[PDB]
Amino acid sequence: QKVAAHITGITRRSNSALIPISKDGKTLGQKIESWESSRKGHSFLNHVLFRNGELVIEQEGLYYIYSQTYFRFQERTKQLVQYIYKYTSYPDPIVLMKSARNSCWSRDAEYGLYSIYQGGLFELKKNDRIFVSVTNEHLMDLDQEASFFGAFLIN
Amino acid sequence: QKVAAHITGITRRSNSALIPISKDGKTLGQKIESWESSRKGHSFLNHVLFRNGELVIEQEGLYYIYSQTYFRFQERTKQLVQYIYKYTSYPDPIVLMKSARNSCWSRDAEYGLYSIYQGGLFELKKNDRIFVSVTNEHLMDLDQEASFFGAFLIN
Amino acid sequence: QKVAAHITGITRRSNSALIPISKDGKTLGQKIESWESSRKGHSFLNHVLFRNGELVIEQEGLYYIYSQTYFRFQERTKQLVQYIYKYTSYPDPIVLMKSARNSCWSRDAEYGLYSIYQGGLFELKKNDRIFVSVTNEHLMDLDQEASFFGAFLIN
Ligand SMILES: [Cl-]
Ligand SMILES: [Cl-]
Ligand SMILES: [Cl-]
Ligand SMILES: [Cl-]
Ligand SMILES: [Cl-]
Ligand SMILES: [Cl-]
Ligand SMILES: [Cl-]
Ligand SMILES: [Zn+2]
Numbered sequence: 124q125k126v127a128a129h130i131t132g133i134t135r136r137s138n139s140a141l142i143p144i145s146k147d148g149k150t151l152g153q154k155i156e157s158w159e160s161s162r163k164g165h166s167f168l169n170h171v172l173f174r175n176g177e178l179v180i181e182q183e184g185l186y187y188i189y190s191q192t193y194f195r196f197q198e206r207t208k209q210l211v212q213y214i215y216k217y218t219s220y221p222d223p224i225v226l227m228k229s230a231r232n233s234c235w236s237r238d239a240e241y242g243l244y245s246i247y248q249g250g251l252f253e254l255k256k257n258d259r260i261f262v263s264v265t266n267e268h269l270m271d272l273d274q275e276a277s278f279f280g281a282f283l284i285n
Numbered sequence: 124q125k126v127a128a129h130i131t132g133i134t135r136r137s138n139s140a141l142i143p144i145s146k147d148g149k150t151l152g153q154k155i156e157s158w159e160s161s162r163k164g165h166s167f168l169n170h171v172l173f174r175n176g177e178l179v180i181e182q183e184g185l186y187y188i189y190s191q192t193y194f195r196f197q198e206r207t208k209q210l211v212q213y214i215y216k217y218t219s220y221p222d223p224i225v226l227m228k229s230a231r232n233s234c235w236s237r238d239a240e241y242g243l244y245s246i247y248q249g250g251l252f253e254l255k256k257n258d259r260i261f262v263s264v265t266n267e268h269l270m271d272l273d274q275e276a277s278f279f280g281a282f283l284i285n
Numbered sequence: 124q125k126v127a128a129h130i131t132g133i134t135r136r137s138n139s140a141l142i143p144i145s146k147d148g149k150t151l152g153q154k155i156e157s158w159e160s161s162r163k164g165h166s167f168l169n170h171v172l173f174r175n176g177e178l179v180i181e182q183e184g185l186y187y188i189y190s191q192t193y194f195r196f197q198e206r207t208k209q210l211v212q213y214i215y216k217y218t219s220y221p222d223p224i225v226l227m228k229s230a231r232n233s234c235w236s237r238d239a240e241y242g243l244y245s246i247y248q249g250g251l252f253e254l255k256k257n258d259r260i261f262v263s264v265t266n267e268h269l270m271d272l273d274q275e276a277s278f279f280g281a282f283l284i285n
């Protein structure tokens, strides 16, 4: 038997003006599409499909979903945000998880290094599509060690 | 058969003066109590109870426990710390996991965005109570996308 | 049946000069060796061995691997990087996961608090050895609440 829990803050639609939530179903950030999915020892797929930057569910159930995104830049603040999204039978793409950083404000800032990891438990249906979207994609580093995206089914 | 490991730094009682450990069983931070636990597609409980801001264990075993807490503020540094605590048959609440950030020190800092994720594996007993506690709770953002708390049993 | 996926950025060998990748099989950072592995309620091993700072695999399969490393210091920027490495039947130690932060650049910075968590899914073989390595080890805090390393097999 599966024994698990995922509970969230009660604010369903946040009124925050800093990183505005979208009200017309528009995706925030730019979807990451340059993922590698079949290098033995580094990446794999087992009964999960990959296409168009999305992991597509074959088996309904509870999944732990996670992503790390590595922001690296050389030189005002940058808003560095990672979104994990779900498409399902619903008119809008759904933000499952959001994680945000601001770069250092000091005028002495020569460069930045901001790895953002997050993950959590979500009930998914067959043919749901999940993907990662980030602000400031031009600052993302697609180093296979530093940026990745995965999920596993919990039995 | 369950195959797993969780090993920790050897310092049992840290002598650090920056974020002092408590010596009289007093909880650090303020417990988060405004969690939502039953919105299909966003939150759920399966053989785990929720009450008084705590996840309460029904089935003894090994759990992966995690929480994300989103600090957002508009304007000295702020100590932003997330504690995951356990109550069991022990005279004190027990810190299982601690994760800390300091806000940017620059006088030019207009705002802050600090999402803190952590998680790990802990052996739990029936009726153990686990909760999340944070410093600077007034800066926490209970956006359901950004702040959450969960666990799952490992078979 | 195990249902899971882990996909990575396509850049196999990153050309970044900021945190240079190693080209002669040399390990980056210093391996953490002062882990505690058998304090009931805080740490444990179940069909995983510990020796020489490494978790050593007894059972081939898919593992979710994670580590948190807590950097704390009192006082230019510091590069704070966590590497999770694998030794297997391969001439070089293999970086599985890298996560990086830079400390605040402000000259007003009195102290720093930088907890770094990361984790992910990797297929491991029997007798593979996995460990954590960090830059600026003298700034690591081996508080058992704040710094840890674990993994579990996914069935
Ligand atoms: Cl920006
Ligand atoms: Cl880049
Ligand atoms: Cl403070
Ligand atoms: Cl707030
Ligand atoms: Cl450095
Ligand atoms: Cl900063
Ligand atoms: Cl230290
Ligand atoms: Zn700063």
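Protein chains in written order, with the authors' numbering: chain D, 124 to 198, 206 to 285; chain D', 124 to 198, 206 to 285; chain D'', 124 to 198, 206 to 285. A prime marks a further copy of an entry chain.
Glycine is no exception: its CB is placed at the ideal position from the N, C-alpha and C atoms.
Q: Taking residue 286 of chain D' as the query, report the chain D residues whose CB atoms sit under 9 Å from its CB, ordered along the chain.
A: Absent from the model: residue 286 of chain D'. The displayed extent of chain D' is 124 to 285, so no value can be given.
Q: Taking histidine 170 of chain D'' as the query, report the chain D' residues whose CB atoms sit under 7 Å from its CB, ordered along the chain.
A: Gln124, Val126
Q.
Taking the alpha carbon of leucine 141 of chain D' as the reference point, which residue from D''/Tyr193, D''/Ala281, D''/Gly132 has its own alpha carbon closest?
A. It is D''/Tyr193 whose Cα lies nearest to the Cα of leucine 141 of chain D'.
Q: Sort D''/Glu177, D''/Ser233, D''/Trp235, D''/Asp147 by Cα distance to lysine 154 of chain D'' and report the nearest one.
A: Comparing alpha carbon positions, the residue from D''/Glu177, D''/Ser233, D''/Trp235, D''/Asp147 closest to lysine 154 of chain D'' is D''/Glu177.
Q) Is the beta carbon of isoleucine 246 of chain D'' sitting closer than 9 Å to the one on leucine 210 of chain D''? A) yes
Q | Nearest neighbour of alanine 230 of chain D'', chosen from D/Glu275, D/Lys216, D/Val264 [CA to CA] | A | D/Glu275
Q: Rounded to whole angstroms, what's the CA-CA distance from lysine 256 of chain D' to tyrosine 241 of chain D'? Just pull it up for me.
A: 42 Å
(Q) With H, G and I counted as helix, E and B as strand and the rest as coil, what does DSSP make of residue 337 of chain D''? (A) Here chain D'' covers residues 124 to 285 and nothing more, so residue 337 of chain D'' does not appear.
(Q) I want to check one thing, is the minimum distance from the CB of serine 236 of chain D'' to the heavy atoms of ligand 8 below 8 Å? (A) yes
Q. Is any heavy atom of ligand 3 found at a distance shorter than 8 Å from the C-beta of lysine 154 of chain D'?
A. Not so, every heavy atom of ligand 3 lies at least 8 Å from the Cβ.
Q.
At the 9 Å Cβ level, is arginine 195 of chain D part of the contact set with chain D', yes or no?
A. no
Q.
Suppose the cutoff is 6 Å on Cβ atoms and the five residues either side in sequence are ignored; what does the same chain contact list for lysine 228 of chain D'' look like?
A. The beta carbon of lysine 228 of chain D'' is closer than 6 Å to those of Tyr213 in its chain, skipping five residues each way along the sequence.
Q.
Please state the DSSP three-state secondary structure of residue 328 of chain D'.
A. Beyond the ends of chain D' as shown, which are 124 and 285, falls residue 328 of chain D'; an answer cannot be given.
Q. So is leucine 283 of chain D'' in contact with chain D' if we call contact Cβ pairs under 9 Å?
A. yes
Q | Check whether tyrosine 187 of chain D' and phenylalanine 282 of chain D'' have beta carbons under 9 Å apart | A | yes
Q. So what does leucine 251 of chain D'' bridge to, in DSSP terms?
A. Note: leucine 251 of chain D'' sits in a beta bridge opposite D''/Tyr187.
(Q) Tell me which residue opens and which closes the beta strand (DSSP E) that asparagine 257 of chain D' is part of. (A) Neither: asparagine 257 of chain D' is in no beta strand (DSSP E) and is coded neither H nor E.
Q | Residues proximal to ligand 2 by C-beta, any heavy atom closer than 6 Å | A | D/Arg195, D/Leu269, D/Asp271
Q: Report yes if the C-beta of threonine 207 of chain D is less than 8 Å from at least one heavy atom of ligand 1; otherwise report no.
A: yes
Q: Identify the continuous beta strand (DSSP E) that holds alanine 281 of chain D and give its terminal residues.
A: For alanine 281 of chain D, the enclosing beta strand (DSSP E) begins and ends at 278-284.
Q: Anything in the region 227-250 of chain D with a Cβ closer than 9 Å to a Cβ of chain D'? List those residues in chain order, please.
A: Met227, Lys228, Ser229, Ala230, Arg231, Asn232, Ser233, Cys234, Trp235, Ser236, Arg237, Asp238, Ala239, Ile246, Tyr247, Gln248, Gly249, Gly250
Q: Can you check DSSP and say which residues form a bridge with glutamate 177 of chain D''?
A: D''/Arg174
Q. Mind pulling the chain D residues with CB within less than 8 Å of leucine 141 of chain D''?
A. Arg195, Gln197, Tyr241, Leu243
Q) How big is the Cα-Cα spacing for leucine 185 of chain D and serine 157 of chain D''? A) One C-alpha to the other measures close to 36 Å.
**Q.** For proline 223 of chain D, the nearest candidate out of D'/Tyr215, D'/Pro221, D'/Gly164 (CA to CA)
**A.** D'/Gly164
Q.
Against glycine 280 of chain D'', what residues of chain D qualify as contacts under a CB-to-CB distance less than 8 Å, listed in chain order?
A. Those within 8 Å of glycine 280 of chain D'' in chain D number zero; the least Cβ separation is about 14 Å.
Q) Just checking my contact of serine 190 of chain D' with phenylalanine 278 of chain D' at CB under 8 Å: how many whole Å lie between their CB atoms? A) 7 Å
Q. How many Å lie between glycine 132 of chain D'' and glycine 250 of chain D' at the Cα?
A. 25 Å
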